[PDB]
Amino acid sequence: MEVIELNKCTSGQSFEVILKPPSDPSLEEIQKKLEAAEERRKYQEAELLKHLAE
Amino acid sequence: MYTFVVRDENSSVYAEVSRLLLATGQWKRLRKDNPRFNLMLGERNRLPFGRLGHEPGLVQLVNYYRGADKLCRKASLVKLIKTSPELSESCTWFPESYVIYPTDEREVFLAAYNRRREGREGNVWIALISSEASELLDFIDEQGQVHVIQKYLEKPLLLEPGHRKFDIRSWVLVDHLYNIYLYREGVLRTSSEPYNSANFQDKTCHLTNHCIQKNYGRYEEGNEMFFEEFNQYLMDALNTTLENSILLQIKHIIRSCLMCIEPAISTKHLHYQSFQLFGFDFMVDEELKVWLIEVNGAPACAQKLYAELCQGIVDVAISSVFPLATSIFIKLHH
Amino acid sequence: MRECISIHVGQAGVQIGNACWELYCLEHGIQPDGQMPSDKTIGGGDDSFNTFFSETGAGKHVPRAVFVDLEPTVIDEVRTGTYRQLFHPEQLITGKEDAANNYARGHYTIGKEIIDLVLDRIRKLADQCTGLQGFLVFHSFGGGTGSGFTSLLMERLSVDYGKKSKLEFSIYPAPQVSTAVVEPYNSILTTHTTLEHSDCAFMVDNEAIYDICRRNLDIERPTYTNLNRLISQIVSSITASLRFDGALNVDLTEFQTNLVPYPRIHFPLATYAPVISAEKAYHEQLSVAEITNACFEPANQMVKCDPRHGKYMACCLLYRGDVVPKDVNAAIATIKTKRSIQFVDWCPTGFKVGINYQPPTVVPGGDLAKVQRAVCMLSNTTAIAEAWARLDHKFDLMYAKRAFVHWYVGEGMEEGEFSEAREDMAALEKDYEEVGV
Amino acid sequence: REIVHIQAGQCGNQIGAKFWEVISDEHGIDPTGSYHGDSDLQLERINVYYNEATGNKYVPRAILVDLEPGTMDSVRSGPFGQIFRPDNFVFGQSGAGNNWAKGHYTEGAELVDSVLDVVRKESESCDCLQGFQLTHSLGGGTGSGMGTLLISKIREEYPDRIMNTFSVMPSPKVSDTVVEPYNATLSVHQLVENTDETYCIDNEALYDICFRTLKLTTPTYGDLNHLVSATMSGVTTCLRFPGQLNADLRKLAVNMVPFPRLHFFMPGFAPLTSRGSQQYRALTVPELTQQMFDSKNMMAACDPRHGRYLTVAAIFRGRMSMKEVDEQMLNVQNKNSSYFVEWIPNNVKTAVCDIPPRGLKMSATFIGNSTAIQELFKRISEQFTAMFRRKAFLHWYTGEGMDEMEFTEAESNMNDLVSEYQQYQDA
Ligand SMILES: Nc1nc2c(ncn2[C@@H]2O[C@H](COP(=O)(O)OP(=O)(O)OP(=O)(O)O)[C@@H](O)[C@H]2O)c(=O)[nH]1
Ligand SMILES: Nc1ncnc2c1ncn2[C@@H]1O[C@H](COP(=O)(O)OP(=O)(O)CP(=O)(O)O)[C@@H](O)[C@H]1O
Ligand SMILES: Nc1nc2c(ncn2[C@@H]2O[C@H](COP(=O)(O)OP(=O)(O)O)[C@@H](O)[C@H]2O)c(=O)[nH]1
Ligand SMILES: CC(C)(C)c1[nH]cnc1/C=c1\[nH]c(=O)/c(=C/c2ccccc2)[nH]c1=O
Ligand SMILES: [Ca+2]
Ligand SMILES: [Mg+2]
Ligand SMILES: [Mg+2]
């Protein structure tokens, strides 16, 4: 019903119609997570080469 | 070869449906959590509609209409009727009702309660049945959950011989095309004990539930009078017929309620499909005027009619979608 | 004028990016060689289209885009594509071996050795900006690169660009067009990691786009080319406000304002109409009322769900073509009385309309027909939670048996991160519930 | 993404040579090594299995291994015998004598380092090696004993590379010696640990196919290998030919192996054809889908109805409606969804290649990861236990320095593998 904030131009126009009213991790921490997972890989790859050494 | 699942074991109705399907040799039953189904005889609570119609290369169907609960809950039904312009405040076939929350339209209920007292007319109500507003509100707040206060029908039609109260149950099936099918066979769930106008304390003649009644089996087998008898009684006792005096109003109420919520629950253009069996309960007064009491989304049928109804559900609601290699229903056109 | 940088991660993101930038060039009249004859301000400027394009002294208009993949295959097709002269090599970044549909491999293992390179190439574009708004990120939930490396990148952008907004264009996984079975894992994992870093994300279910191509374009077996060209139309409608003159959604911050009241619930449902086959003859042109009414048909949505059983928090109508406010309001008045459009009590039941007199541009030789008027509705409804429910259910089924989990643990990830990411999704589903019912 | 092929032993080289003979025809490469095709699709992904030589010749990235010069001399004198690089012919003289111990510990240990030098030389020439593939039998000594020895050492030097294998399982129906269950059990223990994907090619199945289906009264190893080469050509199609598919060995392994130890797949192929006998009628899509799922087409003597599919991969070849394929594939699933685990959603993926194999207008290759494969391992276990309970023929191994404990361990590990398949068959 109520049309408001009608803005016009050459490209087109825009408006709002209301029908009814109402009723972060740091760079340190990030690097600490990426490297921690890398150690878990290095440990897994170590236990493999240890197992293969046996 | 179509496939289906069962996720409601207590369903006396769809236990017979599944039985019938397996007996065709063209329907196979899968496990509960097998998503690769064609049909879903789902549960009553927390039915996962959101996971339906996403299996590639599988037409899916469910025996429940999402959003139909707004019609099948007393608190919701009253709101639906009072707020819908199609039904409106002045709905002729729905008793005067109000929603009450335990400590809302409490002040609105008292305003009408006064006109009944300052008019010296019938002021009996039901949630227990009482004539005093104080005894009722105290009862609701002592239970815990939300209750609805409804105007009690003090002058009901009474069967004879017996001076007996009763209520009419109509089973309605809405298929995937939203065709409204009324089962031709209904039932009068009757009170075996005579109706007492004065004493409301005795709830064995005011309430006509099949469980409470179980004078059981005196007049008819199991306090259940079918249509061929009740029709005959009307002709002999009141010189009228069930079709004219009552059933037109019934078919009007059924047609009205489902037309109202159609744009909300219709699966016409959805990625999954829905049908559902409903159970409309009515109440006739002495002047042969049908009143709607409520609607059941998960109704149980009568023993005699299980064989015929459950077959009908398979024929029109299931086999219509999944075809295989006179009618028992009345189509309420709209 | 404030600039915007587009980031395309993985196969899906890159190829979709190609579809969008292909379309953007046609809309702004830019040629494959980067020349824009209509641009009378040679060498630079600060027009609306300069948000997505920067200008050289030679008069070339280059996208402010960075393509990244952990594999050379897809991006190489951009290097040798028809718009090869459009970009410059530093914008196109490729690795050696991909993430093999593994989130952990794309995030931790392979993501770690290239994240610094990407952020540097991104920084090169950021230095050419007088006032950077933020970023538009294109990726897939299913891919290891699109999921794993995206989440890692989004984390770093929030650090290196704290004041900048970040919008997502995500491809929700669909079994019909994916050969990956571990997509539910990657999807939950990348969402959990990116949720606090994304201001507004537009999900696009391939299932929906697939059927829309089958149903309305009469294509038996839609290809990614068919999907992307349709997706690029939607994306274009959403970003047109940034690339053209107007007053609605002129900045990325305004997307958050107009569509996202609650931060965590920042997944607006997009609906687009009309989609007409280019091979179809005797097509009757649909009116304002007919296309606006089609914005409330589930069969036109980017994600298949039922808004009727959900509550709205916001709603924008983005028209393109021959449309006037009078016809819109008359269409809204009709629809409001014939449909179930419930808003939350703490929001006004209304629509923010934006009209652009230029009709939608279609790729020559494409599947889409030229129409007189088109519309793209952006509505933030709780009914989109159905997409999360489907995704979390598939996750629970596989994870209950720890299937495929060893692939992720083998890349340094911890099994606890699975349950942690799932718990966050469980909390998200509840947030939709509270607002919904 | 290049692949290094290795073939060990009599069976491995006979099957391996047959494989190169087939795909060399598909890529339009002649026995000399010169390309003579018509489609660029034959050269877009030829780098995967071929190295580009000086005079524009294409040399297979293959390494031929054996502890006796017998078979490898038959290869070099064979049809495509000249295409192989001569430096890649690594061979001993003593042989393995169908002894796993000789191939893995004594005789093979003398030669294994010589092989790795060739592997290393091939790998260093790869722009981006995606993995290895091995062809061998498990009932012999070289391909079984030395084959698993190579795998163990390749993983040591290439821990982050995919290792696949085409393993021929022994069977009493097609048997060379009685100690085949011993060699097989010892090898399986190695394959469970050091391979990403093992394709169990049961000689029992290959025989029954030749006998019952192909109607061959007395099938030779040539008959058996025709079925193998056709299958091998199939499972390598998605890498050797381009079409709009972007997956390397790792990506495929990720979507086929839900659990590390359970990576033993059932090969399948349709239509099943015998050598020479040209078929004139091309099968329909419904016919390809029905046959490739039929037990009669499984190249691992296992009943898929006795187990459940963890993951399924099918690749159709030829000009056909991809829609009809999707319909027929989805039809099989929805008809027999009980034989697919419900806790891995959409575990049946499918692809289509426009280029059909030689002699067929269209075909389909089946790659099934079923728990029914345990029937194969149980079969080998019974044959193993029957002899080992009396310590029969064990002196052939203890004479090579082996102990009884190593047999008990290999026995136990395979029984553990069986129990694992049984765990997910009831889940
Ligand atoms: N709409 C659309 N979806 C795509 C496209 N390409 C891939 N996808 C989807 O992306 C998902 C898999 O992720 P990909 O983009 O292929 O993989 P990636 O992002 O390159 O990461 P990697 O696995 O490491 O290669 C699948 O579910 C596909 O449906 C595309 O061009 N258009
Ligand atoms: N307004 C009213 N006036 C008169 N009787 C009423 C009434 N509301 C309910 N009743 C009586 O109450 C009995 C049961 O009430 P109601 O149907 O609301 O409970 P219920 O719904 O839990 C049983 P069902 O779900 O099976 O129909 C009916 O037999 C009817 O006789
Ligand atoms: N299909 C097939 N199987 C073979 C062939 N030769 C041997 N085998 C099988 O392999 C086992 C013998 O192994 P063999 O290859 O001779 O051992 P090796 O040469 O010393 O490594 C037996 O169980 C045979 O069934 C062959 O040419 N084709
Ligand atoms: C989608 C499709 C059909 C390509 C697929 N999805 C999962 N697996 C495959 C196929 C294969 N998957 C494999 O793992 C595979 C292994 C392989 C490939 C080349 C050489 C040796 C083994 N070969 C395949 O063809
Ligand atoms: Ca300019
Ligand atoms: Mg990729
Ligand atoms: Mg031999």
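Computation of the quantities below employed the complete heavy-atom set of this structure, encompassing side-chain atoms and omitting hydrogens, waters and symmetry-equivalent molecules. Every chain is numbered from 1, with letters handed out A, B, ... down the list of sequences.
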Please list every donor-acceptor pair closer than 3.5 Å that links chain C with chain A, giving the two atom names and the distance for each.
from    : atom 1 : to     : atom 2 : distance (Å)
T109(C) : OG1    : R41(A) : NH1    : 3.4
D345(C) : O      : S23(A) : N      : 2.6
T349(C) : N      : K20(A) : O      : 2.9
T349(C) : O      : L19(A) : N      : 2.8
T349(C) : O      : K20(A) : N      : 3.3
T349(C) : OG1    : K20(A) : NZ     : 3.1
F351(C) : N      : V17(A) : O      : 2.9
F351(C) : O      : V17(A) : N      : 2.9
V353(C) : N      : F15(A) : O      : 2.7
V353(C) : O      : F15(A) : N      : 2.9
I355(C) : N      : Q13(A) : O      : 2.8
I355(C) : O      : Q13(A) : N      : 3.2
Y357(C) : N      : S11(A) : O      : 2.7
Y357(C) : OH     : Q13(A) : NE2    : 2.7
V409(C) : O      : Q44(A) : NE2    : 3.2
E411(C) : O      : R41(A) : NH1    : 2.8
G412(C) : O      : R40(A) : NE     : 2.6
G412(C) : O      : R40(A) : NH2    : 3.1
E414(C) : OE2    : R40(A) : NH1    : 2.8

Measure distances from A333(C) to the heavy atoms of chain A and classify the residue's part below 4.5 Å as side chain, backbone, both or neither. neither
Side chain, backbone, both or neither: which part of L317(C) has a heavy atom under 4.5 Å from chain A? neither
Could you tell me which residues satisfy side chain to side chain contact (heavy atoms under 4.5 Å, CB included) with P348(C), sequence neighbours excluded, listed by chain and number? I18(A), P22(A)
Would you check, one step at a time, whether the test side chain to side chain contact (heavy atoms under 4.5 Å, CB included) holds for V328(C) with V17(A)? CA-CA 10 Å; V328(C) 178; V17(A) 47; 5.9 Å; no
Using non-hydrogen atoms and a 4.5 Å limit, figure out which bit of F244(C) sits close to chain A: side chain, backbone, both or neither. neither
Using heavy-atom distances under 4.5 Å, tell me whether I30(A) contacts chain C through its side chain, its backbone, both, or neither. side chain
Name the member of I4(A), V3(A), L6(A), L27(A) that forms the most heavy-atom pairs with chain C at distances under 4.5 Å. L27(A)
Toward chain A, the part of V159(C) with a non-hydrogen atom under 4.5 Å: side chain
So which of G246(C), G354(C), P325(C) has the largest heavy-atom pair count under 4.5 angstrom toward chain A? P325(C)
Counting only heavy atoms not in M1(A), do more than 12 sit closer than 6.0 Å to its CE atom? no
Would you check, one step at a time, whether the test side chain to side chain contact (heavy atoms under 4.5 Å, CB included) holds for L19(A) with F343(C)? CA-CA 11 Å; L19(A) 309 183; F343(C) 268 73; over 6 Å; no
Chain A shares the most heavy-atom pairs under 4.5 Å, among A247(C), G162(C), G111(C), with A247(C)
Cut-off 4.5 Å, heavy atoms of chain A, and the answer for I332(C) is side chain
